[PDB]
């Protein structure tokens, strides 16, 4: 059984940089999202994420929570996740922790397409640190979580599909699960 998704639904936003838009997680005054939102159609072969994040402005980021626009007042990169500081804290932030899970352990995924929640799925990571599921197609930035009492433990952020059809992502500190690199 998947966990109820209401507490996570209230944290999902849309993050746009140029012609890349994907899902982000809005907790307190920070928006977390995959760092490869700063790449374009050519910056995926070999990117210099250090150069790129310096080369971008706060106004180069479009953060929308439904029809509310959020102004980025600063950006940094924690491993493989971009952390966007915004001018207002999420009033719907639940109690949360960031945890790292192991293959075999199940968690719920709230699949989102363009910031809008589509479905809730229970999955588990395979021993190769991948998740099998066509439900994650196009849903980069969707998260995985468990709930204990009143507290949401975020454990996963979807990043990209592999040529093999499987999916790969990080924990909420930007550390990938398994041997993968966003390139």
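Residue numbers count along the first chain shown, from 1.
If you average the C-alpha B-factors over 76-84 and over 105-113, the higher value belongs to 76-84. Look at the mean CA B-factor for 162-170 and for 7-15 in the entry; the higher one is 162-170. Taking the deposited Cα B-factors for 153, 64, 142, 40, the highest one is held by 40. Highest CA B-factor among 48, 118, 128, 122, as stated in the entry: 48. Residue 27: CA B factor lies in the lowest third for its chain, per the PDB record. Placement of the Cα temperature factor of residue 68 within the chain: middle third of the modelled residues, per the deposited record.
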